[PDB]
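Heads up: the structure comes next, in structure tokens.
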Amino acid sequence: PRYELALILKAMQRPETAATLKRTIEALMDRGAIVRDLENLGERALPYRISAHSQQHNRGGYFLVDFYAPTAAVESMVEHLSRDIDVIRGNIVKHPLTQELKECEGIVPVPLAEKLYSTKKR
Amino acid sequence: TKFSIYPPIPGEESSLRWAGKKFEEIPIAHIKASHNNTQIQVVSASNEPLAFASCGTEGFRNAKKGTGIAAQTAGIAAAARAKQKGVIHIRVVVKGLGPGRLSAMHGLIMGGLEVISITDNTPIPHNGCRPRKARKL
Amino acid sequence: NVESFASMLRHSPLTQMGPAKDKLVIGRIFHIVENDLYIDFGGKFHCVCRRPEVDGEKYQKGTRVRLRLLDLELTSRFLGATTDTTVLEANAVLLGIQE
Amino acid sequence: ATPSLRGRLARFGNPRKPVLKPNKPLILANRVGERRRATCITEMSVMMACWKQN
Amino acid sequence: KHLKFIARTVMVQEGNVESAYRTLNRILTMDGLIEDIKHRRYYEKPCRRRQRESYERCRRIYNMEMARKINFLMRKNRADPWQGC
Amino acid sequence: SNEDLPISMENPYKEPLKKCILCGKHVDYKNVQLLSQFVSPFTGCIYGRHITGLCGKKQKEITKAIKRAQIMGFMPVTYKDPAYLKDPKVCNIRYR
RNA sequence: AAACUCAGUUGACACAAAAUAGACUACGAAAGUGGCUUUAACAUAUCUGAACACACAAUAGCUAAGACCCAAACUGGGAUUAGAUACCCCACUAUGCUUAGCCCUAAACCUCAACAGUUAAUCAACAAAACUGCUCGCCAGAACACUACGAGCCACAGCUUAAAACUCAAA
Ligand code: FES
Ligand SMILES: [Mg+2]
Ligand SMILES: [Mg+2]
Ligand SMILES: [Mg+2]
Ligand SMILES: [Mg+2]
Ligand SMILES: [Mg+2]
Ligand SMILES: [Mg+2]
Ligand SMILES: [Mg+2]
């Protein structure tokens, strides 16, 4: 099915970042993923001090890899991403666009609960 | 501009200056307001120690420590010790909900030091390290 | 040759008016307390409005006024109540006198 | 808006297990509760400190 | 592992540390952190926690409905119009 | 019978439902700005639906997206991201 | 009081637990399930049906091997008391966690069986209004008795099933 790999890479030079992206996409393809797109979300300060491979990081480059892969390849890809040093973090998620905006006509009013007690007089 | 309660953004062109020093440069005042004891430690922008105080150090014993008066005494002592170090403006970072939580700041002020910010940092575990069983009295 | 009750109800002004929410009606001050005007506007229940601080002296019994109706009858059901409690009065906003 | 009481209580025809267990019936009473019932301490401390040092 | 002096930080305006501390306490109380700490001091066994949550929810329902009724009937606090009858 | 008799029909004066502000919009774990719009500036606590005004579905989606971003490194946990402080205020909260 | 010389800032740092959301009322047959991602996945019918079998069954507990932040029966000490084998304070172990097997008990209660249907002429009291059809399970005074004997069970101070004698006019 369709997955999106949200990837936080060590903030490094353009050649190193390109090499890491090539390596990751090559691993995806070898494991069978059909990479659909690659969008760069830029380099930014991480929301918290991530420590990957005994190396602490404050800034990182955020990338998305939209792809299609067999279900069995997700675990192998996760393991490879974990074993890769240059990747500060990486998570494979089900692509959001595979979800639908099923209609929600509004906030229907909930009437006060009725008949919750007997009408006994006291 | 009308006052903004939010602290200045780190690494940003903030206009605020206390004695010409930036907010990240202003020293810090860590206050631990334990249930029965209160402790105050003043540290530099580089977390270099500047002064220390507590109810026990000021001399209150046993239950007397966990009182607002002892907390104010400790605050005054810490402020006096820091003044000799040259601390004027401080950022208060108080953790714990002991009786001295506010009296510590009040004593730290009566000792002369000025406060620019209050930062509660009481350790709130999202969940972990199960606490001790409830007391039945 | 008699108009049916259904005909009268269909062609009466109160039926002409849709939901009373925010409609404009012409009320009549039929009773005044020190600073509380009880205004009848043709509905089942009257509304009660404080005498405006401006030209308050200008409001007097029979003074025809303009109201913006929020509810013909103020009622609501409350936790455990079998039937709605009603305050037996409309909720209207007093806009001023009409001439 | 008030929290929904629909399906909260244990009742016949309610498949779910109870969400609320009110020890008292959730019916409004005709009354409200009565209004439930150390200053100058700083001045006392200041005066006592002056006494201590004089 | 977060940036310090951003969370639960209040800048005292013109040195009124009293007002600044009161505002900070209001913020923490609204966010429920004070109650969370007070309860977390001692372990609340799951059954007791469930009972307390149920009681709080019932109390909230009752108090909100009572406040709604009080506000709804407030208009009827006016002076009696038909005095003498 | 009589033309003036009432006719069965749905309420023509029925008002449209107040769709929650996010209704019909795609909540994403990457829209850290929108996710930060629904957290406490000081504690980063996710606001309840009574505050946000969101429908149940959108409140659940917002909560799940906030958790996903926080654990995946897109969002802070203990505080609202400072860059988003001046974003439009859509939560019915008042501290000061 | 005993107890530790250890305590505070900052940095690194889990095989433990899972703030806020949740004022939501959802999932599962029940027990249970509220950090994130992925994989697999949530029986059938347009009925009921098991000590008569199969599969599950919170917490506690047993065997073996690991983990051990914190909590914690037991144990020790401090305090309390007339005494305190407790309530309060401190330390710590089994244990709570993981793996693989057992054990099969709960106020396992929403003390309200499953399916279908009704609101019509009501209803001992209280509780969570009163009923109709159908099927299964269970009950026939209290106590003896979550007991004895027999039987079965990885259970060996156990669990399920479960009496009788004597006694009472009550419960
Ligand atoms: S009101 Fe329609 S999605 Fe929330
Ligand atoms: Mg069957
Ligand atoms: Mg059975
Ligand atoms: Mg079991
Ligand atoms: Mg142990
Ligand atoms: Mg038993
Ligand atoms: Mg037996
Ligand atoms: Mg036997």
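Simple scheme: letters A, B, ... for chains in structure tokens order, numbers from 1 for residues in each chain, numbers from 1 for ligands in the order shown.
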Which chain F residues are at most 12 Å from chain E (counting only C-alpha atoms), as a count of residues only?
27
Can you list every residue of chain G that has an atom at most 10 Å from chain E, with its nearest atom pair and the distance in Å to one decimal, using only C-alpha atoms (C1' of nucleotides), ordered by chain then number, as JSON lines?
{"residue": "G:19", "atom": "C1'", "partner": "E:36", "partner_atom": "CA", "distance": 8.0}
{"residue": "G:20", "atom": "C1'", "partner": "E:31", "partner_atom": "CA", "distance": 7.8}
{"residue": "G:23", "atom": "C1'", "partner": "E:57", "partner_atom": "CA", "distance": 7.3}
{"residue": "G:71", "atom": "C1'", "partner": "E:43", "partner_atom": "CA", "distance": 9.1}
Ligand 5 neighbours within 8 Å using only C-alpha atoms (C1' of nucleotides) and all ligand atoms, as a VMD selection string
chain G and resid 68 93 to 95
Mind dumping the selected residues with N, CA and C atoms (P, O5', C5', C4', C3', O3' and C1' of nucleotides) as a PDB file, in the first residue's frame?
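Listed below is the output, out-v7.pdb:
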ATOM      1  P     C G  68      18.959  -4.414  35.555  1.00  0.00           P
ATOM      2  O5'   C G  68      17.960  -3.722  36.583  1.00  0.00           O
ATOM      3  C5'   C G  68      16.964  -2.815  36.134  1.00  0.00           C
ATOM      4  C4'   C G  68      15.843  -2.694  37.133  1.00  0.00           C
ATOM      5  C3'   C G  68      16.251  -2.271  38.533  1.00  0.00           C
ATOM      6  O3'   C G  68      16.368  -0.865  38.656  1.00  0.00           O
ATOM      7  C1'   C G  68      14.775  -4.131  38.647  1.00  0.00           C
ATOM      8  P     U G  93      15.267  -4.637  47.575  1.00  0.00           P
ATOM      9  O5'   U G  93      14.562  -6.033  47.872  1.00  0.00           O
ATOM     10  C5'   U G  93      15.341  -7.168  48.209  1.00  0.00           C
ATOM     11  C4'   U G  93      14.497  -8.320  48.696  1.00  0.00           C
ATOM     12  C3'   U G  93      13.381  -8.786  47.777  1.00  0.00           C
ATOM     13  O3'   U G  93      13.841  -9.570  46.691  1.00  0.00           O
ATOM     14  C1'   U G  93      12.591  -8.686  50.002  1.00  0.00           C
ATOM     15  P     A G  94      13.093  -9.504  45.271  1.00  0.00           P
ATOM     16  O5'   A G  94      11.833 -10.459  45.454  1.00  0.00           O
ATOM     17  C5'   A G  94      12.005 -11.845  45.712  1.00  0.00           C
ATOM     18  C4'   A G  94      10.751 -12.472  46.269  1.00  0.00           C
ATOM     19  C3'   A G  94       9.546 -12.496  45.343  1.00  0.00           C
ATOM     20  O3'   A G  94       9.592 -13.559  44.407  1.00  0.00           O
ATOM     21  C1'   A G  94       8.884 -11.766  47.498  1.00  0.00           C
ATOM     22  P     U G  95       9.239 -13.296  42.863  1.00  0.00           P
ATOM     23  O5'   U G  95       7.984 -12.319  42.915  1.00  0.00           O
ATOM     24  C5'   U G  95       6.701 -12.797  43.287  1.00  0.00           C
ATOM     25  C4'   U G  95       5.700 -11.673  43.348  1.00  0.00           C
ATOM     26  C3'   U G  95       5.636 -10.787  42.115  1.00  0.00           C
ATOM     27  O3'   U G  95       4.836 -11.339  41.084  1.00  0.00           O
ATOM     28  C1'   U G  95       5.768  -9.435  44.043  1.00  0.00           C
TER      29        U G  95
END
Work out how far CA of residue 98 (chain B) is from CA of residue 28 (chain B), in Å to one decimal.
19.6 Å
Mind listing the helix (DSSP H, G or I) residues of region 53-97 of chain A, per DSSP on the backbone, as a list in words?
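Everything in region 53-97 of chain A that counts as helix (DSSP H, G or I) is residues 73, 74, 75, 76, 77, 78, 79, 80, 81, 82, 83, 96 and 97 of chain A.
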Could you pull the residues within 6 Å of region 11-26 of chain A, counting only C-alpha atoms (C1' of nucleotides), minus those fewer than 2 positions along the same chain, as a ChimeraX atom specification?
/A:28-29,60-61
Written selection (N, CA and C atoms) as a JSON list (two decimals), in the first residue's frame:
[["chain", "number", "residue", "atom", "x", "y", "z"],
["A", 28, "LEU", "N", 14.99, 1.78, -0.18],
["A", 28, "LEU", "CA", 13.56, 1.60, -0.40],
["A", 28, "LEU", "C", 13.30, 0.82, -1.68],
["A", 29, "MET", "N", 13.92, 1.23, -2.78],
["A", 29, "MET", "CA", 13.70, 0.56, -4.05],
["A", 29, "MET", "C", 14.16, -0.89, -3.99],
["A", 60, "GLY", "N", 17.79, 19.83, 12.31],
["A", 60, "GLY", "CA", 17.73, 18.74, 11.36],
["A", 60, "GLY", "C", 16.94, 19.12, 10.14],
["A", 61, "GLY", "N", 17.17, 18.36, 9.06],
["A", 61, "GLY", "CA", 16.46, 18.55, 7.82],
["A", 61, "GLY", "C", 15.29, 17.59, 7.73]]
What is the distance between CA of residue 47 (chain B) and CA of residue 27 (chain B), in Å to one decimal?
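A separation of 8.0 Å between them.
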Per-residue nearest contacts chain C to chain D, cut-off 8 Å, using only C-alpha atoms, as a tab-separated table:
residue	atom	partner	partner_atom	distance
C:78	CA	D:28	CA	7.5
C:79	CA	D:27	CA	5.5
C:80	CA	D:27	CA	4.3
C:81	CA	D:27	CA	7.3
Let's have the selection written as a PDB file, in the first residue's frame, with C-alpha atoms.
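Once written, again.pdb looks like this:
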ATOM      1  CA  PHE C  78     -33.649  21.147  33.267  1.00  0.00           C
ATOM      2  CA  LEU C  79     -31.807  18.107  34.579  1.00  0.00           C
ATOM      3  CA  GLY C  80     -34.421  15.650  35.798  1.00  0.00           C
ATOM      4  CA  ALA C  81     -37.371  17.869  34.889  1.00  0.00           C
TER       5      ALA C  81
END
Identify, counting only C-alpha atoms (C1' of nucleotides) and all ligand atoms, the protein, DNA and RNA residues located within 10 Å of ligand 3, and give them as a list in words.
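Checking only C-alpha atoms (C1' of nucleotides) and all ligand atoms against ligand 3 at 10 Å gives residues 49, 50, 51 and 137 of chain G.
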Write out as JSON, numbers by chain every residue belonging to chain B that has an atom at most 10 Å from any atom of chain D, counting only C-alpha atoms.
{"B": [68, 69, 72, 73, 103, 106, 110]}
Quick one: residues within 12 Å of ligand 7, with only C-alpha atoms (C1' of nucleotides) and all ligand atoms, as an NGL selection string?
:G and (145-149 or 157-162)
Would you kindly return, as a ChimeraX atom specification, each protein, DNA or RNA residue with an atom no farther than 12 Å from any atom of residue 111 (chain B), considering only C-alpha atoms (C1' of nucleotides) and excluding same-chain residues fewer than 2 positions away?
/B:72-84,87-88,104-109,113-115
Atoms to include: C-alpha atoms. Write the selected residues as a PDB file, in the first residue's frame.
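File written: selection_37.pdb
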ATOM      1  CA  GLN B  72      11.225  34.070  53.329  1.00  0.00           C
ATOM      2  CA  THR B  73      14.269  33.871  55.606  1.00  0.00           C
ATOM      3  CA  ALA B  74      15.983  31.543  53.128  1.00  0.00           C
ATOM      4  CA  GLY B  75      15.079  33.885  50.282  1.00  0.00           C
ATOM      5  CA  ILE B  76      16.576  36.845  52.133  1.00  0.00           C
ATOM      6  CA  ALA B  77      19.748  34.880  52.883  1.00  0.00           C
ATOM      7  CA  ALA B  78      20.128  33.773  49.261  1.00  0.00           C
ATOM      8  CA  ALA B  79      19.488  37.297  47.976  1.00  0.00           C
ATOM      9  CA  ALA B  80      22.088  38.718  50.361  1.00  0.00           C
ATOM     10  CA  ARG B  81      24.633  36.095  49.307  1.00  0.00           C
ATOM     11  CA  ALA B  82      23.983  36.769  45.612  1.00  0.00           C
ATOM     12  CA  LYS B  83      24.182  40.550  46.008  1.00  0.00           C
ATOM     13  CA  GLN B  84      27.850  40.219  46.964  1.00  0.00           C
ATOM     14  CA  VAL B  87      23.258  39.594  40.925  1.00  0.00           C
ATOM     15  CA  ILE B  88      20.539  42.205  40.406  1.00  0.00           C
ATOM     16  CA  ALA B 104      10.818  32.179  48.855  1.00  0.00           C
ATOM     17  CA  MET B 105      10.318  34.756  46.102  1.00  0.00           C
ATOM     18  CA  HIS B 106       9.164  37.358  48.621  1.00  0.00           C
ATOM     19  CA  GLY B 107      12.310  36.888  50.707  1.00  0.00           C
ATOM     20  CA  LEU B 108      14.464  36.826  47.575  1.00  0.00           C
ATOM     21  CA  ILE B 109      12.994  40.255  46.812  1.00  0.00           C
ATOM     22  CA  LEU B 113      17.150  41.214  44.114  1.00  0.00           C
ATOM     23  CA  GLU B 114      14.677  42.029  41.338  1.00  0.00           C
ATOM     24  CA  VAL B 115      12.702  39.311  39.537  1.00  0.00           C
TER      25      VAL B 115
END
Give me the residues within 10 Å of region 58-70 of chain C as a ChimeraX atom specification, counting only C-alpha atoms (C1' of nucleotides) and dropping any in the same chain fewer than 2 places off.
/C:19-32,37-41,47,49,51-52,54-56,72-74,90-99
Could you write those residues out with N, CA and C atoms, as a compact mmCIF listing (two decimals), in the first residue's frame?
# COMPACT_ATOMS: atom_id res chain seq x y z
N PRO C 19 -40.02 32.19 12.16
CA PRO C 19 -39.42 32.08 13.50
C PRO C 19 -39.26 33.46 14.11
N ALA C 20 -39.61 33.57 15.40
CA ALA C 20 -39.54 34.85 16.09
C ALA C 20 -38.11 35.33 16.28
N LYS C 21 -37.11 34.49 16.02
CA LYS C 21 -35.72 34.83 16.25
C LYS C 21 -35.32 36.09 15.48
N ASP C 22 -35.03 37.16 16.21
CA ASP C 22 -34.49 38.40 15.65
C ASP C 22 -35.48 39.14 14.76
N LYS C 23 -36.76 38.78 14.80
CA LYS C 23 -37.75 39.54 14.06
C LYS C 23 -38.05 40.86 14.78
N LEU C 24 -38.54 41.83 14.02
CA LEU C 24 -38.89 43.14 14.56
C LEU C 24 -40.40 43.24 14.72
N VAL C 25 -40.84 43.58 15.92
CA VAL C 25 -42.26 43.68 16.24
C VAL C 25 -42.52 45.00 16.95
N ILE C 26 -43.80 45.37 16.98
CA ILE C 26 -44.24 46.61 17.60
C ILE C 26 -45.00 46.24 18.87
N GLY C 27 -44.42 46.57 20.02
CA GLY C 27 -45.01 46.29 21.30
C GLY C 27 -45.64 47.52 21.93
N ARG C 28 -46.41 47.28 22.99
CA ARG C 28 -47.13 48.33 23.70
C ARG C 28 -46.84 48.19 25.18
N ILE C 29 -46.40 49.28 25.81
CA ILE C 29 -46.06 49.25 27.22
C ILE C 29 -47.35 49.27 28.03
N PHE C 30 -47.81 48.09 28.44
CA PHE C 30 -49.10 47.95 29.11
C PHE C 30 -48.99 48.00 30.63
N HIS C 31 -47.79 48.06 31.18
CA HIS C 31 -47.61 48.16 32.62
C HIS C 31 -46.15 48.48 32.90
N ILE C 32 -45.92 49.41 33.82
CA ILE C 32 -44.59 49.93 34.10
C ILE C 32 -44.31 49.83 35.59
N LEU C 37 -40.42 47.99 32.14
CA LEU C 37 -41.58 48.13 31.27
C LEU C 37 -42.04 46.74 30.84
N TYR C 38 -43.31 46.44 31.10
CA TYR C 38 -43.94 45.21 30.65
C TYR C 38 -44.62 45.50 29.32
N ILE C 39 -44.05 44.99 28.24
CA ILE C 39 -44.46 45.35 26.88
C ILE C 39 -45.18 44.16 26.27
N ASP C 40 -46.42 44.38 25.85
CA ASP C 40 -47.16 43.40 25.07
C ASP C 40 -46.93 43.67 23.59
N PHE C 41 -46.69 42.60 22.83
CA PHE C 41 -46.36 42.72 21.41
C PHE C 41 -47.25 41.81 20.57
N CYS C 47 -43.14 40.76 27.19
CA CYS C 47 -41.73 40.84 27.52
C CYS C 47 -41.52 41.89 28.60
N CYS C 49 -38.62 44.67 29.86
CA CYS C 49 -37.40 45.35 29.45
C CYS C 49 -37.12 46.52 30.38
N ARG C 51 -36.14 50.14 31.59
CA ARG C 51 -36.32 51.46 31.00
C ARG C 51 -34.97 51.97 30.51
N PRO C 52 -34.83 52.32 29.23
CA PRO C 52 -33.52 52.78 28.75
C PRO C 52 -33.04 54.00 29.51
N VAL C 54 -31.51 56.37 28.32
CA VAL C 54 -31.72 57.52 27.45
C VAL C 54 -33.21 57.65 27.16
N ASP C 55 -33.76 58.83 27.42
CA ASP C 55 -35.17 59.11 27.16
C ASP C 55 -36.08 58.14 27.91
N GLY C 56 -35.60 57.62 29.04
CA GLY C 56 -36.42 56.71 29.83
C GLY C 56 -37.74 57.34 30.24
N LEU C 72 -40.58 33.89 21.69
CA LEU C 72 -41.94 34.24 22.08
C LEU C 72 -42.21 33.86 23.53
N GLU C 73 -41.73 32.70 23.97
CA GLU C 73 -41.87 32.27 25.35
C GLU C 73 -40.53 31.74 25.83
N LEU C 74 -40.09 32.18 27.00
CA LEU C 74 -38.83 31.73 27.58
C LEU C 74 -39.10 30.45 28.37
N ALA C 90 -41.89 36.61 27.15
CA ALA C 90 -41.06 36.60 25.96
C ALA C 90 -39.72 37.26 26.24
N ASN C 91 -38.73 36.90 25.43
CA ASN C 91 -37.39 37.50 25.49
C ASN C 91 -37.22 38.38 24.27
N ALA C 92 -37.25 39.70 24.48
CA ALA C 92 -37.16 40.66 23.39
C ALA C 92 -36.18 41.76 23.76
N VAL C 93 -35.58 42.36 22.74
CA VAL C 93 -34.64 43.47 22.92
C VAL C 93 -35.37 44.76 22.58
N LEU C 94 -35.39 45.69 23.53
CA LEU C 94 -36.04 46.98 23.33
C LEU C 94 -35.14 47.88 22.50
N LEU C 95 -35.65 48.36 21.37
CA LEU C 95 -34.87 49.21 20.48
C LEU C 95 -35.17 50.69 20.67
N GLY C 96 -36.40 51.03 21.02
CA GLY C 96 -36.77 52.41 21.23
C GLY C 96 -38.26 52.61 21.01
N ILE C 97 -38.65 53.88 20.94
CA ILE C 97 -40.04 54.23 20.67
C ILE C 97 -40.28 54.20 19.16
N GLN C 98 -41.56 54.10 18.78
CA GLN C 98 -41.96 54.13 17.39
C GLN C 98 -42.95 55.26 17.17
N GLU C 99 -42.79 55.97 16.06
CA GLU C 99 -43.67 57.09 15.73
C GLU C 99 -43.97 57.13 14.24
Extract, using only C-alpha atoms (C1' of nucleotides), all DNA, RNA and protein residues at most 10 Å from residue 154 (chain G), discarding same-chain residues fewer than 5 positions from it, and format them as a list in words.
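Once the nearby chain positions are removed, what remains is residues 101, 102 and 103 of chain G.
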Shell of 7 Å around residue 118 (chain B), only C-alpha atoms (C1' of nucleotides), local chain residues under 5 positions omitted, as a ChimeraX atom specification
/B:91-93 /E:9-11,21
Next, dump the selected residues to file, keeping only N, CA and C atoms, as a compact mmCIF listing (two decimals), in the first residue's frame.
# COMPACT_ATOMS: atom_id res chain seq x y z
N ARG B 91 15.83 35.41 36.97
CA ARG B 91 14.68 34.67 36.46
C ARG B 91 14.38 33.55 37.45
N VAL B 92 13.22 33.62 38.09
CA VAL B 92 12.84 32.63 39.09
C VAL B 92 12.29 31.39 38.38
N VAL B 93 12.84 30.23 38.72
CA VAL B 93 12.38 28.95 38.20
C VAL B 93 12.07 28.07 39.41
N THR E 9 6.40 29.80 31.80
CA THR E 9 7.20 30.99 32.09
C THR E 9 6.33 32.23 31.94
N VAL E 10 6.34 33.07 32.97
CA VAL E 10 5.58 34.32 32.98
C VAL E 10 6.56 35.46 33.24
N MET E 11 6.48 36.51 32.42
CA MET E 11 7.29 37.70 32.63
C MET E 11 6.56 38.67 33.54
N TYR E 21 2.90 36.02 39.80
CA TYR E 21 2.72 34.70 40.40
C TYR E 21 1.26 34.29 40.40
Should the cut-off be 9 Å, what would the residue list for chain A against chain D look like, counting only C-alpha atoms, as a PyMOL selection string?
chain A and resi 110-114+116-117
I need the chosen residues saved as a CSV table (one decimal), in the first residue's frame, with N, CA and C atoms.
chain,number,residue,atom,x,y,z
A,110,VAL,N,-27.1,17.6,21.0
A,110,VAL,CA,-27.4,16.4,21.9
A,110,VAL,C,-28.5,16.9,22.8
A,111,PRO,N,-29.8,16.4,22.7
A,111,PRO,CA,-30.8,16.8,23.6
A,111,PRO,C,-30.5,16.3,25.0
A,112,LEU,N,-31.0,17.0,26.0
A,112,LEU,CA,-30.9,16.6,27.4
A,112,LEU,C,-31.5,15.2,27.6
A,113,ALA,N,-30.7,14.3,28.2
A,113,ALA,CA,-31.2,12.9,28.4
A,113,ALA,C,-32.5,12.9,29.2
A,114,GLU,N,-33.4,12.1,28.7
A,114,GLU,CA,-34.8,12.1,29.2
A,114,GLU,C,-35.1,10.7,29.6
A,116,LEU,N,-34.5,9.2,32.4
A,116,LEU,CA,-33.4,8.6,33.1
A,116,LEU,C,-33.8,8.2,34.6
A,117,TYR,N,-34.9,8.7,35.1
A,117,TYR,CA,-35.4,8.3,36.4
A,117,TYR,C,-36.9,8.2,36.4
Define the interface residues of chain A facing chain G as those within 9 Å, counting only C-alpha atoms (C1' of nucleotides), and report them as a list in words.
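On the chain A side, the interface is residues 54, 71, 72, 74, 75, 91, 92, 93, 94, 115, 116, 117, 118, 119 and 120 of chain A.
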Just-selected residues, N, CA, C and O atoms written as a PDB file, in the first residue's frame:
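Produced file out-v5.pdb, reproduced below:
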ATOM      1  N   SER A  54      24.311   8.116  19.913  1.00  0.00           N
ATOM      2  CA  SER A  54      25.144   8.764  20.922  1.00  0.00           C
ATOM      3  C   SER A  54      25.489  10.205  20.566  1.00  0.00           C
ATOM      4  O   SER A  54      26.263  10.846  21.287  1.00  0.00           O
ATOM      5  N   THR A  71       3.581  -4.622   2.154  1.00  0.00           N
ATOM      6  CA  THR A  71       3.444  -4.514   3.603  1.00  0.00           C
ATOM      7  C   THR A  71       4.662  -5.086   4.318  1.00  0.00           C
ATOM      8  O   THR A  71       5.102  -4.547   5.339  1.00  0.00           O
ATOM      9  N   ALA A  72       5.223  -6.178   3.796  1.00  0.00           N
ATOM     10  CA  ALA A  72       6.349  -6.834   4.448  1.00  0.00           C
ATOM     11  C   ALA A  72       7.622  -5.998   4.428  1.00  0.00           C
ATOM     12  O   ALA A  72       8.517  -6.253   5.240  1.00  0.00           O
ATOM     13  N   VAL A  74       7.939  -2.798   5.130  1.00  0.00           N
ATOM     14  CA  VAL A  74       7.939  -1.674   6.060  1.00  0.00           C
ATOM     15  C   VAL A  74       8.863  -1.950   7.240  1.00  0.00           C
ATOM     16  O   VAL A  74       9.630  -1.076   7.659  1.00  0.00           O
ATOM     17  N   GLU A  75       8.793  -3.155   7.806  1.00  0.00           N
ATOM     18  CA  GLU A  75       9.632  -3.474   8.956  1.00  0.00           C
ATOM     19  C   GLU A  75      11.110  -3.440   8.587  1.00  0.00           C
ATOM     20  O   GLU A  75      11.937  -2.911   9.342  1.00  0.00           O
ATOM     21  N   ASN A  91      10.152   7.755  10.497  1.00  0.00           N
ATOM     22  CA  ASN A  91       8.925   7.027  10.784  1.00  0.00           C
ATOM     23  C   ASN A  91       8.146   6.806   9.499  1.00  0.00           C
ATOM     24  O   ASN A  91       7.903   7.752   8.746  1.00  0.00           O
ATOM     25  N   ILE A  92       7.746   5.562   9.261  1.00  0.00           N
ATOM     26  CA  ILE A  92       6.896   5.204   8.133  1.00  0.00           C
ATOM     27  C   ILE A  92       5.456   5.206   8.622  1.00  0.00           C
ATOM     28  O   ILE A  92       5.117   4.494   9.574  1.00  0.00           O
ATOM     29  N   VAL A  93       4.606   6.002   7.974  1.00  0.00           N
ATOM     30  CA  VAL A  93       3.202   6.110   8.339  1.00  0.00           C
ATOM     31  C   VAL A  93       2.366   5.820   7.103  1.00  0.00           C
ATOM     32  O   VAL A  93       2.842   5.899   5.970  1.00  0.00           O
ATOM     33  N   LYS A  94       1.109   5.461   7.333  1.00  0.00           N
ATOM     34  CA  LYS A  94       0.177   5.318   6.227  1.00  0.00           C
ATOM     35  C   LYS A  94      -0.127   6.696   5.655  1.00  0.00           C
ATOM     36  O   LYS A  94      -0.438   7.633   6.397  1.00  0.00           O
ATOM     37  N   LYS A 115     -36.054  10.574  30.575  1.00  0.00           N
ATOM     38  CA  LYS A 115     -36.525   9.288  31.088  1.00  0.00           C
ATOM     39  C   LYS A 115     -35.416   8.524  31.806  1.00  0.00           C
ATOM     40  O   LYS A 115     -35.404   7.291  31.813  1.00  0.00           O
ATOM     41  N   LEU A 116     -34.477   9.243  32.420  1.00  0.00           N
ATOM     42  CA  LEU A 116     -33.394   8.594  33.146  1.00  0.00           C
ATOM     43  C   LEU A 116     -33.777   8.218  34.571  1.00  0.00           C
ATOM     44  O   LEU A 116     -33.010   7.511  35.232  1.00  0.00           O
ATOM     45  N   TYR A 117     -34.932   8.668  35.056  1.00  0.00           N
ATOM     46  CA  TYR A 117     -35.392   8.339  36.396  1.00  0.00           C
ATOM     47  C   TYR A 117     -36.901   8.157  36.375  1.00  0.00           C
ATOM     48  O   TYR A 117     -37.600   8.742  35.545  1.00  0.00           O
ATOM     49  N   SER A 118     -37.397   7.343  37.302  1.00  0.00           N
ATOM     50  CA  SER A 118     -38.831   7.143  37.421  1.00  0.00           C
ATOM     51  C   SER A 118     -39.516   8.443  37.825  1.00  0.00           C
ATOM     52  O   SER A 118     -38.920   9.315  38.461  1.00  0.00           O
ATOM     53  N   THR A 119     -40.787   8.563  37.448  1.00  0.00           N
ATOM     54  CA  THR A 119     -41.585   9.738  37.759  1.00  0.00           C
ATOM     55  C   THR A 119     -42.244   9.645  39.131  1.00  0.00           C
ATOM     56  O   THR A 119     -43.252  10.321  39.373  1.00  0.00           O
ATOM     57  N   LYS A 120     -41.702   8.823  40.026  1.00  0.00           N
ATOM     58  CA  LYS A 120     -42.254   8.701  41.367  1.00  0.00           C
ATOM     59  C   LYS A 120     -42.271  10.057  42.063  1.00  0.00           C
ATOM     60  O   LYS A 120     -41.305  10.820  41.985  1.00  0.00           O
TER      61      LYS A 120
END
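You will find CA of residue 50 (chain C) at 29.7 Å from CA of residue 35 (chain D).
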